[PDB]
Q: 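Sharing a structure, written as C-alpha cells. Questions coming.
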Amino acid sequence: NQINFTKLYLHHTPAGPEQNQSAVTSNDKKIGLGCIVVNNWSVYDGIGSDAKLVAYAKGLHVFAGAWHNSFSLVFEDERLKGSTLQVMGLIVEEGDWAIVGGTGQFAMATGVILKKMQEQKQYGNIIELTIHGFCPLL
Amino acid sequence: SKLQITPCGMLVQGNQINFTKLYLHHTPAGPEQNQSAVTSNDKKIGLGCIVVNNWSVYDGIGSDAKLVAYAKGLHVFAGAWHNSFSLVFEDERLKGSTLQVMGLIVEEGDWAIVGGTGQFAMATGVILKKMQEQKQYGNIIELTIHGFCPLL
Amino acid sequence: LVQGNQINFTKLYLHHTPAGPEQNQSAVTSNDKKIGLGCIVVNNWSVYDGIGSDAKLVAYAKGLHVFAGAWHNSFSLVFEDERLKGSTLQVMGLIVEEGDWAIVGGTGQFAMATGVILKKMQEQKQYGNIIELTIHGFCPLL
Ligand SMILES: OC[C@H]1O[C@@H](O[C@@H]2[C@H](O)[C@@H](O)[C@H](O)O[C@@H]2CO)[C@H](O)[C@@H](O)[C@H]1O
Ligand SMILES: OC[C@H]1O[C@@H](O[C@@H]2[C@H](O)[C@@H](O)[C@H](O)O[C@@H]2CO)[C@H](O)[C@@H](O)[C@H]1O
Ligand SMILES: OC[C@H]1O[C@@H](O[C@@H]2[C@H](O)[C@@H](O)[C@H](O)O[C@@H]2CO)[C@H](O)[C@@H](O)[C@H]1O
C-alpha cells in the first residue's frame with residue numbers, strides 16, 4: 001500500500017519578510033563546516049495564491065560540505081492532525097530524502113522524498129516534493 | 001570494501017515489542033536537570049533554541065520505580081520541538097540494545113521509532129506520549145512503545 | 001513478507017579526525033559546565049575502501065553528533081563511487097568509536113534501507129582515529 005500523496009511544495013525561505021528559518025551557528029573558517037539552521041518550512045498541496053497549507057517541515061539542517069536535514073513533516077490537515085512523517089537526508093533543494101518513520105495515520109512509514117526546484121524568489125524558493133511512501137497501517 | 005547483495009524477504013511482524021508503562025523524566029531545571037539549551041531563539045524569527053537532553057526513563061511511577069534507560073539526544077524548537085535521540089537501555093536483560101526515536105512534540109503527541117541496535121535491530125514503530133505528572137522542575141511523560149522487529 | 005535485497009558492506013573505514021591539518025569536524029556549541037552536556041560537533045567524516053596506499057574515497061559521513069552523557073549520532077552516508085554516486089544511508093545511533101549504529105533509511109540504490117551498522121576501532125592516530133564499519137541492512141525491491 002503506497003500513500004496516495006499529491007505533490008507537495010516546501011517553502012524554503014532563508015531570509016526576507018517571510019523568513020521561516022534561522023542560523024544558530026556559523027561556519028568555522030579553518031574547516032569550512034558547522035553552520036546549523038533551524039527551519040519551520042511551510043508545505044502546500046499545490047501552487048498559486050489559493051494553494052492551502054497542509055503540513056510543516058519542522059527541524060534543522062547542518063552544513064558539513066552539504067546540508068544534512070532532519071525534520072518532522074507534521075500535517076496541519078483536519079483529518080490528519082497529529083500524524084507526522086519523519087524525514088532525514090542530504091541536500092535541501094535537489095536530491096532525495098528518506099522517510100525514516102511516521103506517526104498516527106503514517107505509523108511505521110517508510111519511503112523516499114524526491115526534491116525538485118520549482119520557483120526561485122527574491123528571498124526564498126519553492127521545492128517540489130514527490131513522496132513514495134509505504135505504511136503497513138492495513 | 002565489499003558489498004554483498006542477497007535477495008530475501010522481510011517479516012514485518014517478526015518480533016513485536018510492547019513495553020508499556022514507561023515514564024520519561026523531562027527536567028529542564030533544578031538540581032536534577034537532565035538537559036541544557038545550547039542556542040537561543042532568534043528574536044526576529046522566533047526559533048532556533050537547540051536543547052541537548054539526557055532524559056532518564058523509569059519503569060514506573062513512585063518510589064519503587066527503577067531507572068531502565070536514558071533518552072540521549074537533542075530537540076530543537078522550530079515552532080515546535082523536533083526530537084532526535086537514542087533510547088539506550090541500561091537494564092541487564094537489554095544492555096546495549098537501543099531504540100532510535102524521532103518525532104515532534106515532547107509533552108504529548110506521538111514519536112516515531114525509526115530504528116534500533118542490538119536486540120532492537122531494524123525496529124520500526126511509534127511511541128505514544130501522555131502527560132503523567134507536572135512537577136516543579138519539570139514533568140514526567142508516560143511513554144507507550146508499539147514497535148516490531150522485522151525478521152530478515 | 002516484503003521482497004527485497006539484503007545489503008552487506010564490509011571493510012569500510014571512517015576517518016574521525018577531531019584535530020590536525022586533516023580535521024573533518026568542528027564543535028559549534030560548548031558543553032554546559034553546570035549540567036555536563038551540550039557539545040555539538042558537525043562532522044564530514046570520509047569513508048574509504050581500505051587502509052593506507054591509494055585507498056579510494058567511497059563515501060562521506062555528513063551530519064552531526066551531540067554530547068548528552070554520550071554521543072548521539074545522526075548523519076547521511078553519501079557515497080562518492082561512480083556506481084553509488086548520490087545514494088545515501090541515513091544513520092542514527094550512540095557512540096562513535098565503538099558500539100552499534102542503526103540504519104533508519106536511505107536514498108538512491110538504498111531506498112527504504114533498514115538495518116544496523118557495526119563499528120570497530122582500527123588505527124588510533126595522534127590527530128584522530130579510523131573506525132571500521134560493517135553494514136547489515138535490508139532494502140525492499142524497488
Ligand atoms: O540548502 C539549505 C541552505 O540553502 C542555502 O542556499 C540558498 C537557496 O536555498 C538556494 O536555492 C540558492 O540556490 O542559493 C541560496 C544560497 O546562495 C541558503 O542560503 C541557506 O539559508 C540554507 O537554507
Ligand atoms: O519540550 C521541551 C521544552 O519544553 C519547554 O516547556 C516547559 C515544560 O516542558 C512544559 O511542560 C511546560 O508546559 O512549559 C515549560 C516552559 O514554560 C521547556 O521550557 C524547554 O526547556 C524544553 O525542555
Ligand atoms: O565522539 C565524538 C568526540 O570524540 C572525541 O574522541 C576522542 C578520542 O577519539 C576518544 O577515544 C576519547 O574517548 O575521547 C577523545 C576526546 O576526549 C573527539 O576528540 C571529539 O572531537 C569528538 O569527535
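Numbered from 1 within each chain, the chains take letters A, B, ... in sequence-line order. Heavy atoms only: backbone and side chains are in, while hydrogens, waters and symmetry mates are out. Start at 1 and go down the list; that is how both ligands and their atoms are numbered.
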Q: Heavy atom to atom 5 (C) of ligand 1, shortest distance: which of A:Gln21, A:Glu93, A:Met117 holds it?
A: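 Among A:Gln21, A:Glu93, A:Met117, the closest heavy atom to atom 5 (C) of ligand 1 comes from A:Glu93.
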
Q: For the residue pair A:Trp41 and A:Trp97, does the interplanar ring angle fall in the parallel (under 30°), tilted (30 to 60°) or perpendicular (over 60°) class?
A: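 Parallel, since the angle between the ring planes stays under 30°.
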
Q: Run the numbers for me: atoms of ligand 1, each under 4.0 Å from some heavy atom of A:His61, listed by number.
A: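 Here the atoms of ligand 1 in question are 2 (C), 22 (C), 23 (O).
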
Q: Under 4.0 Å from any heavy atom of B:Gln134, which atoms of ligand 2 are there?
A: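 Close to B:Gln134: 11 (O).
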
Q: To check you understand the geometry: which heavy-atom pair defines the closest contact between C:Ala55 and C:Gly50, and what is its length?
A: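 Reported closest heavy-atom pair: CB-O, 3.3 Å.
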
Q: If the cut-off is 4.0 Å to any non-hydrogen atom of C:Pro18, which atoms of ligand 3 fall inside it?
A: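 Those atoms are 18 (C), 19 (O), 21 (O).
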
Q: Would you check if there is a donor-acceptor pair between the side chains of B:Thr27 and B:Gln33 at a distance under 3.5 Å?
A: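 Not at all, the side chains of B:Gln33 and B:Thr27 share no donor-acceptor pair under 3.5 Å.
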
Q: Can you find a side-chain donor-acceptor pair between C:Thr134 and C:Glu132 that sits under 3.5 Å?
A: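 Their side chains do not contain a donor-acceptor pair, so the 3.5 Å distance test is not met.
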
Q: Assess the side chains of A:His12 and A:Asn39: does a donor N or O sit below 3.5 Å from an acceptor N or O?
A: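 Checked: A:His12/A:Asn39 side chains show no N/O donor-acceptor pair below 3.5 Å.
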
Q: Suppose I only count heavy atoms of B:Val106 and a 4.0 Å limit; which atoms of ligand 2 are within that range?
A: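 Taking each heavy atom of B:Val106 in turn, ligand 2 has 1 (O), 2 (C) under 4.0 Å.
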
Q: One residue to check: C:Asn129. Relative to ligand 3, which of side chain, backbone, both or neither has a non-hydrogen atom less than 4.0 Å away?
A: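 The answer is the side chain of C:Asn129.
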
